[PDB]
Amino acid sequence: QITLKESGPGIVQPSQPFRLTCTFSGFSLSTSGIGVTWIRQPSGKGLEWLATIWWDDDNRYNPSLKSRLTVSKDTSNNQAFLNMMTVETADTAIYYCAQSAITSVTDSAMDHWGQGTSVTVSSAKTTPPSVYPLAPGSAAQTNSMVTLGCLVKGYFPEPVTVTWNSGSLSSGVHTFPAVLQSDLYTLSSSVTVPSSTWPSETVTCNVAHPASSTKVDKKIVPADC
């Protein structure tokens, strides 16, 4: 019966501050052992400790950042806060708030975790993706299989929803995690279907980008030359 949820801004401009809010139920931040810990975890790398605000207000910070950190707590509302000043790209990451607690003379662990918030630092303006098909060329088909791809390039911010043939096709599909390009995202998806079905049967790429409120469909038409 215990849970925490991190609230945030999801996206922060460089050299600005952000205030993460952990809202919990199930324990008080007034009871002895208790405290709340703010963990971090950059894209792909591993966990990092950031700070632990305790009930006695005897807060502890990660030395590397104390200068840009601060912790707070609205004990009556079961909320806990974390502020970071002058953020930079490297601050882009997922933040967790956990319910650290000190049970006994030797046991002090982070009993329950949140789910995290996605905080990313970018001075980019939400722009829709430009989509391009991937139809094989000079190596035009034989009685087997074939792979068709889709290219979503130059959008912001994450994420994108990509499906094939409006949700029809979902077996040999691979949507690859995106990557930054001139401070803009770019990803690819690959569908593989038996030649007995393409190009005979239409195969389309479904691309959705929430932020810019756009949805585009791309028909994988076989190449001409």
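Start at 1 and count along the sequence shown; that's the residue number.
*Asks:* Hey, which bit's got the bigger mean C-alpha B factor in the entry, 14 to 22 or 200 to 208?
*Replies:* For C-alpha atoms only, the mean B-factor is higher in 200 to 208.
*Asks:* Given the B-factors recorded for C-alpha atoms, which segment has the greater mean, 131 to 139 or 151 to 159?
*Replies:* Per the PDB entry, the higher value belongs to 131 to 139.
*Asks:* Say you rank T37, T186, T70, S168 by Cα B-factor from the PDB entry; which sits at the top?
*Replies:* When the deposited C-alpha B-factors of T37, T186, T70, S168 are compared, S168 is largest.
*Asks:* Highest Cα B-factor in the PDB entry belongs to which of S104, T92, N83, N78?
*Replies:* That would be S104.
*Asks:* Grab the CA temperature factor for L50 from the record and place it in the lowest, middle or highest third of its chain.
*Replies:* CA B-factor rank for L50: lowest third.
*Asks:* Select lowest, middle or highest to describe the third in which the CA B-factor of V173 falls within its chain in this entry.
*Replies:* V173: CA B-factor falls in the highest third of its chain.
*Asks:* Which third of the chain does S190 land in by C-alpha B-factor: lowest, middle or highest?
*Replies:* Tercile = middle for this residue's CA B-factor.
*Asks:* With respect to C-alpha B-factor, does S30 fall in the lowest, middle or highest third of the chain as deposited?
*Replies:* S30: CA B-factor falls in the middle third of its chain.
*Asks:* Comparing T120 with the other modelled residues of its chain, is its CA B-factor in the lowest, middle or highest third?
*Replies:* Tercile = lowest for this residue's CA B-factor.
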